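Okay, here we've got a single chain as structure tokens, the form solved without the partner chain, with questions on binding and movement later.
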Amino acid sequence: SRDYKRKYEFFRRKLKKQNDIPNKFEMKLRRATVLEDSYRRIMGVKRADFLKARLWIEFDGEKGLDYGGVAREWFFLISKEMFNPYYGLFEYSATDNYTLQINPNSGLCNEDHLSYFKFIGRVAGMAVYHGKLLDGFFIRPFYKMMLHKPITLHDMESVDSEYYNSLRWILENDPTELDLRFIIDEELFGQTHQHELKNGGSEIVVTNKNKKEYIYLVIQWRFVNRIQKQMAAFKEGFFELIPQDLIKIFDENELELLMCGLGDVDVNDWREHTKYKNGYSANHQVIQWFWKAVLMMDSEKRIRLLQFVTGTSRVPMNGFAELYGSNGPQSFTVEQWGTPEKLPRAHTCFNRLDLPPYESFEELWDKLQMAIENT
């Protein structure tokens, strides 16, 4: 089998260029209204294929800028907007989660919500086609639906752990005596909202005979049933740029990496393939604090810290053992530099972080976290 790197190259080779298309796709936007300007342009094009041309984007009439950097910036600003829960299209999968899911109440926030989902689909397709990344992380089920893969009880763990354990227990035990019904009780606005999992579900008891169906219907209610049209609109837009047969060479994990460049960064590997400069050591107090910090950071921050130091968000296949600097092989490096007053700096060409010898872990947390926020 092919690994991700080979899958991607294979993927790019099959993604043929369009010839019956204008040499470039011109869209001039205003920062204050990026979302509405992009939507109107990207949803108005004669053919979706026009979005495959080289991106010619102009912000606020600003002439003379490198079109390649402007595009990359656009993908960033537009992501910020599309995925903002303020718009009612997407929403955090949970209060303690940073991941996104389709808001089942999309239509209530926006009557024309379906075309906006097709738009977000087109933009997502544009990022992948042009080898750029979107800014946003979706729940695993979002990626599975794209690949037409089954949503499983396990996908629930990563989202709602309490819901996962209740269903796991039901799977592993005879639930009959609990007298459960084919219904889901959702607590909203200080009230309990009961929903039939099926017709007459309130009078149907969950037993060993129908519990697999029960679990399935619960998973569908949580991830699929109420967002069928939203996701359908999104997929239609996406597949106007990327044929779905092609995207199917990847799995949910690879797809996530391909689109948003996100993934679980093995801190252990990182830790073990890091070098220390100017008095620093693996046992050195400050270093211990640095790794403690990284360990408690969000997947998003671990990645952006990596970006800050490396100059990229990418983690080399085969781990950090094969991390490359600017002039060849260069392990992630941390060097003692400066006084506790100044923030850490990053020499990307050497994949090195200059870290002052802080006197408190919490101080180190602050300083480091701030230096990452500018990146």
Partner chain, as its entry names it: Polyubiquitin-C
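Take the two forms, superpose them, and find the largest set of C-alpha atoms that agree within 1.5 Å; that set is the rigid core. Numbering follows the first chain given and starts at 1. Shifts are known only where both forms have a C-alpha.
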Comparing mean C-alpha B factor in the record for 65-73 and 307-315, the higher one is 307-315
Can you let me know which of the two, 6-14 or 349-357, has the higher average C-alpha B-factor in the entry?
-> 349-357
Per the PDB entry, maximal CA B factor within 243, 175, 261, 107 = 261
Whose C-alpha has the highest temperature factor in the PDB entry: 35, 42, 343, 334?
-> 343
Compared with the other modelled residues in the chain, in which third is the CA B-factor of residue 302?
-> highest
Ranked against its chain, the third holding the CA B-factor of residue 162 | highest
Sorting the chain's modelled residues by C-alpha B-factor and splitting them into thirds places residue 98 in the middle
Residue 91 - which third its CA temperature factor falls in, relative to the rest of the chain | lowest
Chain-relative CA temperature factor third for residue 277 | highest
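Keep in mind that the form solved in complex with the partner chain is not shown, yet the notes after this line are about it.
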Run the contact test on 35, 111 and 190 with a 4.5 Å heavy atom cut-off to the partner chain in the bound PDB entry and return yes or no.
-> yes
Using heavy atoms and a 4.5 Å limit, would one call residue 137 a contact residue for the partner chain in the bound PDB entry?
-> no
May I ask you to check whether residue 76 falls inside a 4.5 Å heavy atom distance of the partner chain in the bound PDB entry?
-> no
If you check in the bound PDB entry, is residue 169 within 4.5 Å of the partner chain, heavy atoms only?
-> no
Can you check whether residue 289 is within 4.5 Å of the partner chain in the bound PDB entry, heavy atom basis?
-> no
Answer with one of 156, 303, 124, 89: the residue that has a non-hydrogen atom within 4.5 Å of the partner chain in the bound PDB entry.
-> 89
Heavy atom within 4.5 Å of the partner chain in the bound PDB entry - residue from 238, 214, 116, 142 = 116
Listed range touching the partner chain, judged in the bound PDB entry by heavy atoms within 4.5 Å, from 171-179, 265-273, 295-303, 89-97 | 89-97
Core-superposed comparison between this form and the one not shown: the option from 58, 335, 49, 37 whose CA moves 2 angstroms or more = 335
C-alpha of residue 357 off by 2 Å or more between this form and the one not shown on rigid core | yes
Is residue 80 among the residues whose Cα moves by 2 Å or more between this form and the one not shown after superposition of the rigid core?
-> no
Compare the position of the CA of residue 69 between this form and the one not shown after a rigid core fit and state whether the shift reaches 2 Å.
-> no
A change of 3 Å or more separates this form from the other: in the bound PDB entry, the C-alpha atoms of residue 250 and residue 266 are farther
In the bound PDB entry, shift in Cα separation for residue 367 relative to residue 136, 3 Å or more | farther
Segments displaced between this form and the one not shown (3 or more residues, each Cα shift of 2 Å or more, core-superposed) | 162-197, 200-216, 261-324, 328-375
